[PDB]
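Next up, structure tokens for two forms of one chain, structure 1 and then structure 2.
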Structure 1
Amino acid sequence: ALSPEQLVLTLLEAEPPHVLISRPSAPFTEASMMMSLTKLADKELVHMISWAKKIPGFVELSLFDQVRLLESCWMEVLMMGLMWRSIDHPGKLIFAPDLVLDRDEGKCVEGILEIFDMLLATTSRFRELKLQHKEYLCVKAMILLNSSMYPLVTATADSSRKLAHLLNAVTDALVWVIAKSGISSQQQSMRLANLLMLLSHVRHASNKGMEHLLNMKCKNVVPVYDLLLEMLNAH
């Protein structure tokens, strides 16, 4: 199940559905643009839980570690999906098939234009590298499995070893996919380093987005509900 060709096919079959949403009838305001983006995020979070349960070994971790990994990565995983949907469309963010925002539309919401420019620049670096679909599947699974999991004290020890074995198997799978290209050994090491250095850019953008959303919530610009509200209250 963890051998490279079987693991990559399992990740391919686990991909979540595209969630559909459209623009409002009236011109956007700061409040109505925040309402459309947060309604989409809440529904994608529900499907994200079903995706994580499909990754081999994940439901064999402690329930406590399952919850802690999703709390630590959910905004990063929403942004990685958006970047892959937008990779062939310079100057646009493809939130859904009927919600395609031009860069300049971020001028509608205070503080969001900087975050759109971060997302668009990291999308442009994956376009320049010619990121392949099977490389994307491995890097998105590494985002889930790679957070700090500094020791905490639970009322109830193999769950950490189980996590390292799973993260090692996904890393081996990405090295196997790169080796199909047949480029030089130096070029394979350089491509691996280039893809993994972009993980810090996805964490940077997710930090700025989490601050922005918590401030829009506190100031009553947008109301938030159910799963999205719970993940924010817990942060």
Structure 2
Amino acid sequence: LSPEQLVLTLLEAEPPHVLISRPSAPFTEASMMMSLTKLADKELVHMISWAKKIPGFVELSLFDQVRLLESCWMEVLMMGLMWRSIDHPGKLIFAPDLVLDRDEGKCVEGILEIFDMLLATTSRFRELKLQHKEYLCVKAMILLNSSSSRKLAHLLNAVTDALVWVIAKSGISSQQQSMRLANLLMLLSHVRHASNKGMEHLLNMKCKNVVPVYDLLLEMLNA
């Protein structure tokens, strides 16, 4: 399985576009958290299937598959959010029927913090002109690097090898192939940071029972 074919299978693992079935209208704190949690829950279902489509993932121990997903899920969601928002500066495209503005993030205490973080990282990927295939490798690495053991490192290395390949196809300088690789990877730190904050904020919302009970989301949030 060459880098190109591995990237192809990631493309084929891409989850489908999700909508929350919500008639267009202004947002409030009760409806925003409602939509954000409802969307996350649905995306979580598609994320599980996506992972299983990653060559070798289902070959890992059951203990590993669970710990990998339980720890990276929010990062993967936010990485998807950023790729969808890339061509819409100043906007967070959570879903076709859930587009948010920075000022709208003021309807919820503490979320404006997280939006700015997301908008910044997104803007960054925009400056770098993140390509789809890079997005596929990066997202895959987030799952595999958010820690049967050898199989994992083997898989992680394969995806890493796929990212380099994608960068090599752009036909840019070698020095620039290295600069780009590092800049794309250094951003994972910001996605992991906006993630930890998003979890903290979400966990806090749960403890207050301000958001409906989403079995899958609840389970992933607790551990």
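Think of the rigid core as the biggest set of C-alphas that the two forms share within 1.5 Å after superposition. By convention here, residues take numbers in order along the sequence of structure 1, the first being 1.
Residue shifts between structure 1 and structure 2, rigid core superposed: of 189, 29, 207, 50, the only C-alpha displaced by 2 Å or more belongs to 29.
Relative to the superposed core, residue 11 has its Cα moved 0.4 Å between structure 1 and structure 2.
After superposing on the rigid core, the C-alpha of residue 95 is displaced by 1.2 Å between structure 1 and structure 2.
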